[PDB]
Amino acid sequence: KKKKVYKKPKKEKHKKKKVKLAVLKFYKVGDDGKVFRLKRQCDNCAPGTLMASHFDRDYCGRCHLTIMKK
Amino acid sequence: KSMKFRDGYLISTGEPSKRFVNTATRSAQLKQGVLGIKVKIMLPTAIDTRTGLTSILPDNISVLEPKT
RNA sequence: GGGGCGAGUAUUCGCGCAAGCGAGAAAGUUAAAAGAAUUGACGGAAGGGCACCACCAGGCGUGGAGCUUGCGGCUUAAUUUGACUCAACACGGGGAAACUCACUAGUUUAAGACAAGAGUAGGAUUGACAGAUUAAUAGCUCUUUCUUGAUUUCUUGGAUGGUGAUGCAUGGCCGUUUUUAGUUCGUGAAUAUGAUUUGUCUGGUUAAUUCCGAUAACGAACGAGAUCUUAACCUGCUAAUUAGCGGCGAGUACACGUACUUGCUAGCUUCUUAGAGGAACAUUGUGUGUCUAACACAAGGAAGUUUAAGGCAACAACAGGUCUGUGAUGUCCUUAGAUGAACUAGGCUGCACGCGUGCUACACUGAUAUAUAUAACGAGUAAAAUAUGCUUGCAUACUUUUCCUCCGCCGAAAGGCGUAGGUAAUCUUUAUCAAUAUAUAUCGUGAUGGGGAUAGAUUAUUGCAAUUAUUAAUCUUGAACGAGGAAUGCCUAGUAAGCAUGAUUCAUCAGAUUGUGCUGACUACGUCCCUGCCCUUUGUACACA
Ligand SMILES: [Mg+2]
Ligand SMILES: [Mg+2]
Ligand SMILES: [Mg+2]
Ligand SMILES: [Mg+2]
Ligand SMILES: [Mg+2]
Ligand SMILES: [Mg+2]
Ligand SMILES: [Mg+2]
Ligand SMILES: [Mg+2]
Ligand SMILES: [Mg+2]
Ligand SMILES: [Mg+2]
Ligand SMILES: [Mg+2]
Ligand SMILES: [Mg+2]
Ligand SMILES: [Mg+2]
Ligand SMILES: [Mg+2]
Ligand SMILES: [Mg+2]
Ligand SMILES: [Mg+2]
Ligand SMILES: [Mg+2]
Ligand SMILES: [Mg+2]
Ligand SMILES: [Mg+2]
Ligand SMILES: [Mg+2]
Ligand SMILES: [Mg+2]
Ligand SMILES: [Mg+2]
C-alpha cells in the first residue's frame, strides 16, 4: 500500500575476477626438464581436468571431488 | 445499447422452441470494445423427432375435407 | 394591454379624523414566466379484483440459555477482499494447519521475445567442495581457485505478465419487476391540427385479455394453453441375464405334510427389470346459471381440485451483481530493490459489545440397559510406494500396491496384521446398508440417574509438518437452563412436525447445502380487515417521477 522504506543499500551480485592467460601458469617448460605439470590431475575425469591447489586440499571444479592435504 | 431486428414468426417457450430454432453467439473485437452477435433462425417447419421422424408443429389441428 | 422580477415600491400632488384611496417611475437583474390538451407515476379520494413470501381457523416455532457458523465494531505488524430492505448477512459453491493467497516480516529468481550498438575466443558468460555467513544443504554473499564455452552478459527501443484500479467504459452469464397476465400489428373509424385513442369492454365465467356476449370495429401474432421429464393403473403384448419362480434328485429333523441344507436343470412371467401401446372426456344421474360460457354433489372407476410434482418462460426495464471463473476485453498503472513467478515463518480463528441462519435442551407421552421387527435415492482402481551390488544416496519390475472392501487373527475401545472378490443388476451390499417404533426391567417429581458447556490426564490414526489444542478412543470435572418480554417466520395431505440416511466439498475434518426414504396430526374449503400487486373513475404546480 505504501512505498517501501529503504534504509540498507542493495545486496551486490557476484562478479568473477578475471585472470589473463591463466593457463600459461599451469604448464611451464625449460630447455632441460621438459613440460612439468604445476597443478595436479583428477581421478575420474577425462585427462586434463585439473584441480585447484587450495590452502589445505585439492578441489575438482567439474565433479567436486575433494582430497584433503595432510 | 442493444438493437433488435426481427422478421416473421418465432417461438420462445416449451419443447418446440428447442427443436425448431437454431441459435449461435459470437463476438467481435473492435478498436473501442467488444460487440456481441446473436442470431436465431426458425426452420421452415422442418424438424425430425426424438423418435426420429419429420414432425411439424405442436400447434395445429387441420381438419380434412370430405371426399366428393 | 404589449416577456418575467424590481413594484402598485420610491418621490410628488389631490382627497380623508385615521386607516388609507386615486394618479405613478428609474437604476439593477433575468431565458423564460404563462394557456389548454396527452401518456405515466403518486394520493392519509371513490369503486372492483387476486395471494399462507396477506389475513381468518389452527400446527410448529423463532425472539429468552449453552454452543456452532456468517456480518459490524474494537484490537493488531497483518487480522486480505466483494455484497447491506424484500432482491447483503452456512452467499462468492468461501468446511483457509502448508498450498490455496489476494494481507504482514524477510530472502531468491529470470522462465527480460525481437531489433540496433557495445563486449569477447589471448575467453561473453555458467557451476561449485571447504571455512565464514545465513531459519535454511538459496556459491545468497565473502575468502580461496578450479570448471564451462558463445547458450549468456551491458545500453537504448519494444514486447510480455499481473486475484493491481475502474461492473458508472463493455461482452457473457445470473437475480429482480414476474411465474403475475401481460405486449403488438394490418385496414377502417375518432381528424374537421396534434401528442394519441379504439380494437384490448358494462356484465357473467376461468388458474389465465380463459371463454360467452355487448358492440365503430373486422381480423391476425407472441405470452397463457398445447408441448417435455418423473409418479400413479394394466394377472393384456414383446422379452429372460449379471432376474426370479417352478421341475428332478440326496439329506437333517419333526407331524403322519412342514422348516432348513444341498447337487442339477420340464416349462412360466405373478413378483424384478424395460420397450411399444391403451386409459378420463366432466362419462352417467341430480341441482344452480341468461339454461350460453360454466360450477357443485352422488355412482361407477386405479384415478374426477386440467390426477400430483417439476422444467421452459413474451414486450420493456434496473447505471441490480460479477473485470477475485476465463489465452472475453477498452483505458490507466507496474515491469529487475517487480504490483511477474517462487521459498521460510505469521495472519484470515485475534474479544468489554450489537445483529441474521441454526444445533442441543429444559424431562415420566422420559433417561438407562437388554431383546424383537423393518427403507429409498447413491458410490467405488506421471507420481510415490514393497525387494539383490555398494557406503542417508545410486542403479534396478512401471513385475505388486494407491478406490469399496467380505473373511480370519490381535486389541476395552479407536484401530492394527494377513489374505479374497470387484473397472460392477456379477463383488463390497441391499429377501436388506438406518433411526423414530415395539416388549421387559430399574429410577420416582428431588437442577434429580434431566442437561452436557467448561476443564485435567493418557492412547491412536491422516499428513513433510497437528503448538492457537485436525479428527477419533477411555476415565475424571459437571455451568446456565423450570417453556421464554416487545416483536416476528413457514405452512392446506402422504403435506406440517418428528426420525435417520446417500452424495458435494474431501490427504484428514458437517452442527452446511442438495437429494432420498420411515412414522404421520389439528384447522379452512373462506375473505378483503392488515400487508403487497393489479385495473376503472378522479385531482395534480410531480416527469431524476
Ligand atoms: Mg406453459
Ligand atoms: Mg411588462
Ligand atoms: Mg409551465
Ligand atoms: Mg410477513
Ligand atoms: Mg391466525
Ligand atoms: Mg428447537
Ligand atoms: Mg438464541
Ligand atoms: Mg450467514
Ligand atoms: Mg466476518
Ligand atoms: Mg479447516
Ligand atoms: Mg487476470
Ligand atoms: Mg451493472
Ligand atoms: Mg452485465
Ligand atoms: Mg388502449
Ligand atoms: Mg410383470
Ligand atoms: Mg477476469
Ligand atoms: Mg507463503
Ligand atoms: Mg472468514
Ligand atoms: Mg445431575
Ligand atoms: Mg444425562
Ligand atoms: Mg459451505
Ligand atoms: Mg386489502
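Reckoned from all heavy atoms, side chains included, excluding hydrogens, waters and symmetry mates. Order of the sequence lines sets the chain letters (A, B, ...), proteins ahead of strands, with each chain counted from 1.
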Chemist: In whole Å, measure the gap between the P atoms of C:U288 and C:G199 for me.
Modeler: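 Result for the P pair: 37 Å, nearest Å.
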Chemist: If a pair has to be Watson-Crick or G-U wobble with both distances under 3.5 Å, does that hold for C:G330 and C:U166?
Modeler: yes
Chemist: Hey, can you tell me if A:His54 and A:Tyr59 have their rings parallel, tilted or perpendicular (30° and 60° cut-offs)?
Modeler: tilted
Chemist: Determine whether any donor atom in the side chain of A:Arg57 lies under 3.5 Å from an acceptor atom in the base of C:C129, or the reverse, and answer yes or no.
Modeler: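 Flag set: donor-acceptor pair detected.
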Chemist: State whether C:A259 pairs with C:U252, counting either Watson-Crick geometry (purine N1 to pyrimidine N3 plus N6-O4 or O6-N4) or a G-U wobble (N1-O2 and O6-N3), each distance below 3.5 Å.
Modeler: yes
Chemist: Choosing from C:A226, C:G223, C:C315, which nucleotide comes nearest the side chain of B:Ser12?
Modeler: C:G223
Chemist: Side chains of B:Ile11 and B:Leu57, heavy atoms from C-beta outward: is any pair under 4.5 Å?
Modeler: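 The answer is yes; the side chains approach within 4.5 Å.
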Chemist: Using Watson-Crick (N1 to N3, and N6-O4 or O6-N4) or G-U wobble (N1-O2, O6-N3) distances under 3.5 Å, do C:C355 and C:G70 pair?
Modeler: yes
Chemist: Considering every strand and a 4.0 Å limit on heavy-atom distances, what is the contact class for B:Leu10: base, sugar-phosphate, or nothing?
Modeler: sugar-phosphate
Chemist: For the pair made of NZ in A:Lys25 and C1' in C:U145, what is the distance, rounded to whole Å?
Modeler: 15 Å
Chemist: Pairing check on C:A384: which nucleotide meets the Watson-Crick or G-U wobble criteria with it, both distances under 3.5 Å?
Modeler: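 Partner of C:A384: none.
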Chemist: Run the pair test on C:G164 and C:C332: Watson-Crick or G-U wobble, both distances under 3.5 Å, answer yes or no.
Modeler: yes
Chemist: Looking across every strand, which nucleic acid part, if any, lies under 4.0 Å from B:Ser17 by heavy atom: base, sugar-phosphate, or nothing?
Modeler: nothing
Chemist: Any strand is fair game: report the nucleotide pairing with C:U536 by Watson-Crick or G-U wobble, both distances under 3.5 Å, or none.
Modeler: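 Its partner is C:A46.
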Chemist: Considering every strand shown, what is the Watson-Crick or G-U wobble mate of C:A375 when both distances are under 3.5 Å?
Modeler: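 In the structure as shown, C:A375 has no Watson-Crick or wobble partner.
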Chemist: What about C:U163 and C:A457: are they a Watson-Crick or G-U wobble pair, with both distances under 3.5 Å?
Modeler: no
Chemist: Does OP1 or OP2 of C:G223 have a side-chain N or O of B:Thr13 closer than 4.0 Å?
Modeler: yes
Chemist: Output yes when at least one side-chain N/O atom of B:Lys38 is less than 4.0 Å from OP1 or OP2 of C:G171, else no.
Modeler: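 For C:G171, OP1/OP2 do not have a side-chain N/O of B:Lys38 under 4.0 Å.
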Chemist: Would C:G489 and C:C60 qualify as a Watson-Crick or G-U pair, given that each of the two distances needs to be less than 3.5 Å?
Modeler: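 Pair flag for C:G489 and C:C60 is true.
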Chemist: When the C1' atoms of C:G66 and C:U229 are considered, how many whole Å apart are they?
Modeler: 48 Å
Chemist: Check every atom of C:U329, C:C129, C:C146 against the side chain of B:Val34 and return the nucleotide holding the closest atom.
Modeler: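 Nearest to the side chain of B:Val34 among the choices is C:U329.
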Chemist: Does C:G194 pair with anything, Watson-Crick or G-U wobble, both distances under 3.5 Å, and if so, with which nucleotide?
Modeler: none
Chemist: For C:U339, does OP1 or OP2 lie under 4.0 Å from any side-chain N or O of A:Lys4?
Modeler: no
Chemist: Look at all strands and tell whether B:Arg6 reaches a base, only sugar-phosphate, or nothing, counting heavy atoms closer than 4.0 Å.
Modeler: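 If one applies the 4.0 Å heavy-atom cut-off, B:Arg6 turns out to touch the sugar-phosphate alone, with no base involved.
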Chemist: Sort me out a list of protein N/O and nucleotides 119-127 of chain C N/O pairs below 3.5 Å, or just none if empty.
Modeler:
| residue | atom | partner | partner atom | Å |
| --- | --- | --- | --- | --- |
| C:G127 | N2 | A:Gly61 | O | 3.2 |

Chemist: Just to confirm, is there a sub-4.0 Å distance from OP1 or OP2 of C:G337 to any side-chain nitrogen or oxygen of A:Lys10?
Modeler: yes
Chemist: Can you confirm whether B:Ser17 sits close enough to B:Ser12 that some side-chain heavy atom of one is under 4.5 Å from a side-chain heavy atom of the other?
Modeler: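 No; the side chains remain at least 4.5 Å from each other.
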Chemist: In whole angstrom, give the distance that lies between atom CD of A:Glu12 and atom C1' of C:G337.
Modeler: 11 Å
Chemist: Answer whether the closest heavy-atom distance between the side chains of A:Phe26 and A:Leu50 falls below 4.5 Å.
Modeler: yes
Chemist: Name the pairing partner of C:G73, where a pair is Watson-Crick or G-U wobble with both distances under 3.5 Å, or state none.
Modeler: C:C351
Chemist: For C:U331, take OP1 and OP2 only and decide whether either is under 4.0 Å from a side-chain N or O of B:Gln32.
Modeler: no
Chemist: C:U432 pairs with which nucleotide, Watson-Crick or G-U wobble, both distances below 3.5 Å?
Modeler: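 The base-pairing partner of C:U432, which may sit in any strand shown, does not exist here.
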Chemist: When you measure from the side chain of A:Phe26, which nucleotide among C:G225, C:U147, C:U108 comes out closest?
Modeler: C:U147
Chemist: Between C:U153 and C:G122, do both key distances fall under 3.5 Å for a Watson-Crick or G-U wobble pair?
Modeler: no
Chemist: With heavy atoms under 4.0 Å as the rule, sort B:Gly36 into base, sugar-phosphate or nothing.
Modeler: sugar-phosphate
Chemist: Base, sugar-phosphate, or nothing: which does B:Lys1 touch, judged by heavy atoms less than 4.0 Å apart?
Modeler: nothing
